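**Student:** This is the structure I want to talk about, given as structure tokens.
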Amino acid sequence: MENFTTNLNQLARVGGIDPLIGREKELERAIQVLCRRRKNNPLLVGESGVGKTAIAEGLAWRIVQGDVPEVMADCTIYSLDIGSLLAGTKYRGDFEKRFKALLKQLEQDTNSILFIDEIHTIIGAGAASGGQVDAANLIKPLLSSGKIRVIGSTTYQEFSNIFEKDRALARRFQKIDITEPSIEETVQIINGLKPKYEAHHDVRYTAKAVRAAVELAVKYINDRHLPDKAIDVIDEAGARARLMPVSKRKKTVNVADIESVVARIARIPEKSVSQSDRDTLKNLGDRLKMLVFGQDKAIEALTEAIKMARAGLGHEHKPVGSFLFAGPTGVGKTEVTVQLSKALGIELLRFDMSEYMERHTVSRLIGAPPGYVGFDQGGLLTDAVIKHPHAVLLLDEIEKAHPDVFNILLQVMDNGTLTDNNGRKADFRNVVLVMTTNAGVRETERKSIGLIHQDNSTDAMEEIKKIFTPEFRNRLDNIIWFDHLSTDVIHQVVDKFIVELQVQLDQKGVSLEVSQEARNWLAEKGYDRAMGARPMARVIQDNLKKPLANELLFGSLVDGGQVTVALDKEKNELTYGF
Amino acid sequence: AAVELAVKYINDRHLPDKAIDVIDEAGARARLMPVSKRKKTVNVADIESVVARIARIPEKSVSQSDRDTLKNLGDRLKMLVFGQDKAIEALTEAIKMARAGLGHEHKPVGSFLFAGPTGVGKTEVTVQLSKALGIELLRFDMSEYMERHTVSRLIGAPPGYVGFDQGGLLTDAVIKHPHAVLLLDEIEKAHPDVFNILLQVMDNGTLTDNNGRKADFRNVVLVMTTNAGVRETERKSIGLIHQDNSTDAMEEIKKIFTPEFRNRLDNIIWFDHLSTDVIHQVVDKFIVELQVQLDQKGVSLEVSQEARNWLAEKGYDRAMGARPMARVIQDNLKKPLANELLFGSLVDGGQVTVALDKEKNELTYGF
Amino acid sequence: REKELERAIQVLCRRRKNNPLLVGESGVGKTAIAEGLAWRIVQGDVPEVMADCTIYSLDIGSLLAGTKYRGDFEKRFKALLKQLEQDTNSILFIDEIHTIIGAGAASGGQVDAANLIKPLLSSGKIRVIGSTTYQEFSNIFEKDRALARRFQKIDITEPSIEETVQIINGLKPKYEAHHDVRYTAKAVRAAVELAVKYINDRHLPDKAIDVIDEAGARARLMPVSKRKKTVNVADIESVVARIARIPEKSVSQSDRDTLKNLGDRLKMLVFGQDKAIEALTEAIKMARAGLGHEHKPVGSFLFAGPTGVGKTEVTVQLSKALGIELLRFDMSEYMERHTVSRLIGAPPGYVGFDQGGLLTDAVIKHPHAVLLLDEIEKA
Ligand SMILES: Nc1ncnc2c1ncn2[C@@H]1O[C@H](COP(=O)(O)OP(=O)(O)OP(=O)(O)O)[C@@H](O)[C@H]1O
Ligand SMILES: Nc1ncnc2c1ncn2[C@@H]1O[C@H](COP(=O)(O)OP(=O)(O)OP(=O)(O)O)[C@@H](O)[C@H]1O
Ligand SMILES: Nc1ncnc2c1ncn2[C@@H]1O[C@H](COP(=O)(O)OP(=O)(O)OP(=O)(O)O)[C@@H](O)[C@H]1O
Ligand SMILES: Nc1ncnc2c1ncn2[C@@H]1O[C@H](COP(=O)(O)OP(=O)(O)OP(=O)(O)O)[C@@H](O)[C@H]1O
């Protein structure tokens, strides 16, 4: 035992193991179990990071501090490192001699408790031959006879998958469920532990820093439990603050440092909103109007959703915003979204919904159910939002997906979550959801029969309503109708496309000038309300790019020249040059 | 009592030692009593306390603060969910019976199907119930169980398969939290094979997982929500008089959930549409949420009564429930505030006054 | 990678569970950073807190190698940890840290490297820097919750274009030394820009570097015939083009005439329908000229008409004339809605999941190709 276990009273008394705060009921049972006539061995079972070891060792602390029932007073708790019982072995029989020697020592002390953490690891030692499991074979009678007292500890999952197969062991200890504290209990736990962080990091925490670490961690960090989750924030903020005095920036850790840390851990930005990001955001609405012409209202809706979220007036558990972009083809429905993600500097997660035409294609978003082929793959959607929690999520031509696929978004739009096939949750609260569609267009573009042409603008009233179930629609922030582009827009579109052409040419060492007459001509020639801005690229392709490709490819316009294009008036034909 | 209670509440061990353990812990418990110098014998009440602790169930509520918490549970919920009183009452009645002891031998605390128009707090009330009671909410978006084979994610892969150690997500959630509110959202979206899992739960309080262990739902409140019948509810009839289609919505529910399912529910509660009175309450609720969000930035907010009356009058839509009201709040209050909070006077300001004129019915703003 | 290290240091500086885990896509510099810190410590490019501390890199294979008998592994494992605990100013670094979870427990037991490490991380006794990909982190580290709680995940993203150029400028001298080459400024900038435009299934820090290394390696085989030269943008372009399959610079050579005469080689084979020939010929020329569509296909043209008029023959002849692969897809075989899974594959969990997807594999194998979809109206 001398070099296999740790005397926890000795440790708790001299170095300290950090105080245990609260957990009155947890200890009440542990003691009542330890006080039983037989099988007086509690097992602390729970979610990782809830204080299972904190309690098991915390008991040693209470004993050395005298804060125990006299029954427990003066008893010694020893923690066993089973790794050391194997490190000292090699051939047959040495393990058992060593293992039993420790048991004899516990029996001889008579007033001691052994603590075995990771209790599910006591299964082992036997190998090659085996059948002698250690875990049960060397201790079943020790536990059932009351000769020794053992406190164990385990993760709830390990407990059911491993620590629960051996019924004989399952029967020999009383399980105590350690659940995670609530907000207040977490705050008091921090206050009790706080002096150790302040002492370790040479920092001090404000009342708000502590209050906030708990509330913020709960809201933003969701893969850990409260008592160790809020601590990471406090400890991390401490470690960060400790790196300031290096430039003499000695300071108290305040709520501002906590928010910076939570924001970094959760990858959700929070303080830059007060800095230059105010202008990046302020100007967002206009940068996008230089890329998508017309459609200002779509730009505003996106811009507004983002501003509210950055302002802090977002929702508590919804995507940044979620609206469907409907309209005629070639009017900037996907273009504004692509540009939004560029303007914001964030990842664009683009899915083509045309690929999800069968009901069973949902498995590509979620992953196969356990037990199936594609299980370890995970889901493509849930994974995309996990790697990039701050993103623009674009679902192109959503009306092409099998309609049951839309059901996947009900919980996304409403709770910001989606659960993958491993049970992990996607978190969409920092994702802008944009879905585009051509629903209703075929109808809006149809001519009616009669003397008076009917106004078919109520496409929203039929196709959008028939395609998207009421519960889907009622979760959208908006349904935004993109219009056909006007001729004023076409002129802007043509200018835009010519610039794109100029850039491709600049990269080849040549440049292009187009006269205004030539531009107006191309705009006038290509406009077709029905196809939006889509054909303008073809008009440019035929009137400017084809001529240029011949000049670029066969030597007429290569190194040494530039091309000027002008329109004549007689034929309205374009000129070219060098 | 140790013997007859252990067989009812402790189900992972055989009787000899299962009952002795109750006796032994009760013994130890009583042994730790005369430290206060109060000598004890072990009565039925001490046995019941031990079983309650071993089985992870509630003991006796009348002398507890739980008595008061339970007594006015309906009142607190009515402050969060307006209207739909009958749903609130059904939930609290089932709970009271269970704590009263007038429960079921082997069934969930109660089992309800929440049906009705959208935007009505079918989900909202369940979420608040778990908060009001202080217990874990176990959620399961049923839209994610659309294929016959998705059942294995609820109960785990069969042994020997790639998803065998993961276990089931449902049985594990229940095992970890035996006393909980279990919410199955949009249950009608799940593949019907899923309902077969629910039928046995509703009748026995239990599911066997892929490890052969059982989840005990005896202390779980089971609420599942649905939109079955909504498209029909919102349909307008042909004629001069619009018809009440709630009767057809039920026909839709009865086609999705077969008699075998329906007979295992304690109730099917058809939630009604929200009234204008409710909207006024809803608007105040949303404004308060806004005020809280603003307080977090150090900004106070006043909204006049007329501004409230107007927002409520503007946003009400009987068919869409309360969800649109939040849209009204975003456009009339949050957007203006975001600009002031982000680029203007409220950054280090801290105050905003909102009222409207009568001539334009436009809102005021500013520090 | 200043911020990536700032966080790593802040994690190492924590009181407990001060073990950063570097998680990211492959080829993004995760291990470059962990080794980079050892480099910075030695060079004095780190806070005094890290200064003078030793980072050791663990060979899991040598730790497990030879551990026969019951107890040798456990002994070696513990000896290592003891040595680290007695150093008091060291950090252990583990590549592919998810593999520690698979350390050899001898038999049916659970005593292995992860179970033996856990208490020393919780206690703050030792410091470990881990490294794993987002996929290995998800399928391995994410599952062992207790171990995962002892690491602080650092999210390492792919660098920008400007950042990639800068790492090349820093790394460059070693490629120059290794290959006996020198790289021009244009060569470096282009490796990054071109790799971004043309090389898929890789991340920048690696993608640009791979081009620099190969181009250096190409030039390394020139002064064997004493064709000594530097690596210019043209050589970088050639290397990327090897992968991209359509060079932007060779278009200026004999390729100009191969392309110029394309229209006539096709007119002599397909008669009438000159307009189809022109449509195809022009699309290619623009694409080779550089007047492409940035992200769209070379061109997409529906050929409609009476039978026996050369609609598929001209496309077949095009692929022949160009010297490129013809990918054929008979649309009549996709006569039903569900037949789409033949083109892209079955969803995960379904029979045939690992069979592939005919269209996506055809295109992936042959990036430069003519894709012909016969009788599209029959799909
Ligand atoms: N009363 C408490 N005493 C000590 N620690 C507590 C307490 N309550 C919560 N904690 C938190 O839990 C941790 C205490 O250590 P503990 O051994 O209990 O972890 P754990 O719950 O067993 O997690 P794991 O399964 O990974 O070992 C600390 O992070 C601490 O912030
Ligand atoms: N308002 C606009 N300003 C400038 N260019 C535009 C505009 N609208 C469309 N375009 C042009 O069309 C493209 C933008 O993509 P767009 O959003 O129109 O796709 P879409 O609306 O989804 O149509 P589809 O039905 O084919 O998917 C760009 O090439 C862009 O030059
Ligand atoms: N009776 C109510 N009182 C106040 N707010 C309500 C009420 N009912 C619904 N709401 C509003 O709805 C919001 C939550 O939506 P809810 O949970 O009710 O949708 P649902 O019941 O699931 O219906 P569906 O999903 O079919 O659209 C609440 O935050 C609340 O603002
Ligand atoms: N314009 C042409 N000039 C010379 N030969 C030709 C022409 N068209 C077709 N042919 C010949 O006739 C045969 C059929 O040609 P092809 O398959 O390309 O026509 P198609 O448009 O595909 O008809 P289908 O409607 O059946 O698909 C080929 O062997 C081809 O050599």
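As shown in the structure tokens, the chain order sets the letters A, B, ...; within each chain, residues go from 1, and ligands are also counted from 1 in the order they appear.
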Can you check which residues of chain C have any atom within 12 Å of chain B? Use only C-alpha atoms and format it as a VMD selection string.

**Tutor:** chain C and resid 139 143 to 144 348 to 350

**Student:** Distance limit 6 Å, atoms considered: only C-alpha atoms. Which chain A residues sit that close to chain B? Return them as a list in words.

**Tutor:**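 So the contacting residues turn out to be residues 32, 35, 36, 308, 311, 369, 370, 371, 407 and 408 of chain A.
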
**Student:** For chain C, which residues have at least one atom within 6 Å of chain A, if we go by only C-alpha atoms? Write them as a count of residues only, please.

**Tutor:** 18

**Student:** Neighbouring residues of ligand 2 are defined here as those with any atom at most 8 Å from a ligand atom, counting only C-alpha atoms and all ligand atoms; list them as a CSV table (one decimal) with N, CA, C and O atoms, in the first residue's frame.

**Tutor:**
```csv
chain,number,residue,atom,x,y,z
A,290,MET,N,-23.7,47.3,-53.8
A,290,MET,CA,-22.8,47.5,-54.9
A,290,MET,C,-22.6,46.3,-55.6
A,290,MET,O,-21.9,46.2,-56.6
A,291,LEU,N,-23.1,45.2,-55.1
A,291,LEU,CA,-22.9,43.9,-55.7
A,291,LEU,C,-24.2,43.4,-56.2
A,291,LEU,O,-24.3,42.7,-57.2
A,292,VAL,N,-25.3,43.6,-55.4
A,292,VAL,CA,-26.6,43.2,-55.9
A,292,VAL,C,-27.4,44.5,-56.0
A,292,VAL,O,-27.6,45.2,-55.1
A,293,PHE,N,-27.9,44.7,-57.2
A,293,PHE,CA,-28.6,45.9,-57.5
A,293,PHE,C,-30.1,45.6,-57.5
A,293,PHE,O,-30.5,44.6,-58.0
A,294,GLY,N,-30.8,46.6,-56.9
A,294,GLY,CA,-32.2,46.3,-56.9
A,294,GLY,C,-32.3,45.4,-55.7
A,294,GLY,O,-31.3,45.2,-55.0
A,295,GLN,N,-33.5,44.9,-55.3
A,295,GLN,CA,-33.4,44.0,-54.1
A,295,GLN,C,-32.8,44.6,-52.9
A,295,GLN,O,-32.4,43.9,-52.0
A,327,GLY,N,-38.3,34.3,-55.9
A,327,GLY,CA,-38.3,35.2,-57.0
A,327,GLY,C,-38.0,34.6,-58.3
A,327,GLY,O,-37.6,33.4,-58.4
A,328,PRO,N,-38.0,35.4,-59.4
A,328,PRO,CA,-37.7,35.0,-60.7
A,328,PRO,C,-36.3,34.6,-60.8
A,328,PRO,O,-35.5,35.0,-59.9
A,329,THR,N,-35.9,33.8,-61.8
A,329,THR,CA,-34.5,33.4,-61.9
A,329,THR,C,-33.5,34.5,-62.2
A,329,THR,O,-33.9,35.5,-63.0
A,330,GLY,N,-32.3,34.5,-61.7
A,330,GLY,CA,-31.3,35.4,-62.1
A,330,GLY,C,-31.5,36.8,-61.5
A,330,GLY,O,-31.3,37.8,-62.2
A,331,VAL,N,-31.9,36.9,-60.3
A,331,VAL,CA,-32.2,38.2,-59.7
A,331,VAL,C,-31.4,38.4,-58.4
A,331,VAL,O,-31.7,39.3,-57.6
A,332,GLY,N,-30.3,37.6,-58.2
A,332,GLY,CA,-29.5,37.8,-57.0
A,332,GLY,C,-29.9,37.0,-55.8
A,332,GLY,O,-29.5,37.3,-54.7
A,333,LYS,N,-30.8,36.0,-55.9
A,333,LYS,CA,-31.2,35.3,-54.7
A,333,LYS,C,-30.1,34.6,-54.0
A,333,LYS,O,-30.0,34.5,-52.8
A,334,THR,N,-29.2,34.0,-54.8
A,334,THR,CA,-28.1,33.2,-54.1
A,334,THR,C,-26.9,34.1,-54.1
A,334,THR,O,-26.1,34.0,-53.1
A,335,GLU,N,-26.8,35.0,-55.0
A,335,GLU,CA,-25.8,36.0,-55.1
A,335,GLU,C,-25.7,36.9,-53.9
A,335,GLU,O,-24.6,37.2,-53.4
A,336,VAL,N,-26.8,37.3,-53.4
A,336,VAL,CA,-26.7,38.2,-52.2
A,336,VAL,C,-26.2,37.4,-51.0
A,336,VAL,O,-25.5,38.0,-50.2
A,337,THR,N,-26.6,36.2,-50.9
A,337,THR,CA,-26.2,35.3,-49.8
A,337,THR,C,-24.7,35.0,-49.9
A,337,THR,O,-24.0,35.1,-48.9
A,396,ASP,N,-29.6,26.1,-51.3
A,396,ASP,CA,-30.0,26.4,-52.6
A,396,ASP,C,-31.2,25.6,-53.1
A,396,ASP,O,-31.3,24.4,-52.9
A,397,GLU,N,-32.1,26.3,-53.8
A,397,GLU,CA,-33.3,25.7,-54.4
A,397,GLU,C,-33.9,24.7,-53.4
A,397,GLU,O,-34.0,23.5,-53.7
A,436,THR,N,-33.1,29.5,-50.6
A,436,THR,CA,-33.6,30.2,-51.8
A,436,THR,C,-34.6,29.4,-52.5
A,436,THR,O,-34.6,28.1,-52.4
A,437,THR,N,-35.4,30.0,-53.4
A,437,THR,CA,-36.4,29.2,-54.1
A,437,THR,C,-36.9,29.8,-55.4
A,437,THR,O,-36.9,31.0,-55.5
A,438,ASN,N,-37.5,29.0,-56.2
A,438,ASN,CA,-38.0,29.4,-57.5
A,438,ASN,C,-39.5,29.0,-57.4
A,438,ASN,O,-40.2,29.0,-58.4
A,485,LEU,N,-35.4,42.2,-62.7
A,485,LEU,CA,-34.6,43.4,-62.7
A,485,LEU,C,-35.1,44.4,-63.7
A,485,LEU,O,-35.5,44.0,-64.8
A,489,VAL,N,-31.3,48.6,-63.5
A,489,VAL,CA,-30.4,47.6,-63.0
A,489,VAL,C,-29.6,46.9,-64.1
A,489,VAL,O,-28.4,46.7,-63.9
A,490,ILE,N,-30.2,46.7,-65.2
A,490,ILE,CA,-29.4,46.0,-66.2
A,490,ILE,C,-28.2,46.9,-66.5
A,490,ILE,O,-27.1,46.4,-66.6
A,492,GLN,N,-26.6,48.7,-64.5
A,492,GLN,CA,-25.6,48.5,-63.5
A,492,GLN,C,-25.0,47.1,-63.6
A,492,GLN,O,-23.8,46.9,-63.3
A,493,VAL,N,-25.8,46.1,-64.0
A,493,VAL,CA,-25.3,44.7,-64.1
A,493,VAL,C,-24.3,44.6,-65.2
A,493,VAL,O,-23.3,43.9,-65.1
A,496,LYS,N,-21.1,45.9,-64.0
A,496,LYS,CA,-20.5,45.0,-63.2
A,496,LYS,C,-19.8,43.9,-63.9
A,496,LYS,O,-18.7,43.5,-63.6
A,497,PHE,N,-20.5,43.3,-64.9
A,497,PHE,CA,-19.9,42.3,-65.7
A,497,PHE,C,-18.8,42.7,-66.5
A,497,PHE,O,-17.8,42.0,-66.7
A,532,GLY,N,-34.0,37.7,-65.9
A,532,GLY,CA,-33.2,38.6,-65.0
A,532,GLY,C,-31.8,39.0,-65.6
A,532,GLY,O,-31.7,39.5,-66.7
A,533,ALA,N,-30.8,38.9,-64.8
A,533,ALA,CA,-29.4,39.3,-65.1
A,533,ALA,C,-28.7,38.2,-65.8
A,533,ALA,O,-27.6,38.3,-66.2
A,534,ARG,N,-29.3,37.0,-65.8
A,534,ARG,CA,-28.7,35.8,-66.4
A,534,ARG,C,-28.1,35.7,-67.8
A,534,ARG,O,-27.1,35.1,-68.1
A,537,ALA,N,-24.7,38.0,-69.1
A,537,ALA,CA,-23.4,37.4,-69.2
A,537,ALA,C,-23.2,36.8,-70.5
A,537,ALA,O,-22.0,36.6,-70.9
```

**Student:** Could you pull out the residues sitting within 12 Å of ligand 4, using only C-alpha atoms and all ligand atoms, and write them as an NGL selection string?

**Tutor:** :C and (266-277 or 302-318 or 330-332 or 372-378)

**Student:** Identify all residues of stretch 198-241 of chain B in alpha helix (DSSP H) (DSSP on the backbone) and supply them as number ranges by chain.

**Tutor:** B: 198-204, 230-233

**Student:** Please dump the current selection as a short mmCIF file (atom, residue, chain, number, x, y, z; two decimals), in the first residue's frame; keep C-alpha atoms.

**Tutor:**
```cif
data_model
loop_
_atom_site.label_atom_id
_atom_site.label_comp_id
_atom_site.auth_asym_id
_atom_site.auth_seq_id
_atom_site.Cartn_x
_atom_site.Cartn_y
_atom_site.Cartn_z
CA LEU B 198 -44.19 4.66 -27.39
CA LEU B 199 -47.07 2.27 -27.06
CA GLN B 200 -45.22 0.01 -24.76
CA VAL B 201 -44.00 2.91 -22.71
CA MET B 202 -47.38 4.33 -22.25
CA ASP B 203 -48.59 0.96 -20.96
CA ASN B 204 -45.67 -0.33 -18.88
CA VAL B 230 -53.22 22.07 -38.73
CA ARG B 231 -53.41 22.41 -42.43
CA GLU B 232 -57.05 21.54 -42.13
CA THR B 233 -57.61 23.88 -39.22
#
```

**Student:** Determine which residues of stretch 157-370 of chain A receive a DSSP assignment of strand (DSSP E), computed from the backbone, and state them as a list in words.

**Tutor:**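 Put together, the selection reads residues 174, 175, 176, 177, 178, 321, 322, 323, 324, 325, 326, 347, 348, 349, 350, 351 and 352 of chain A.
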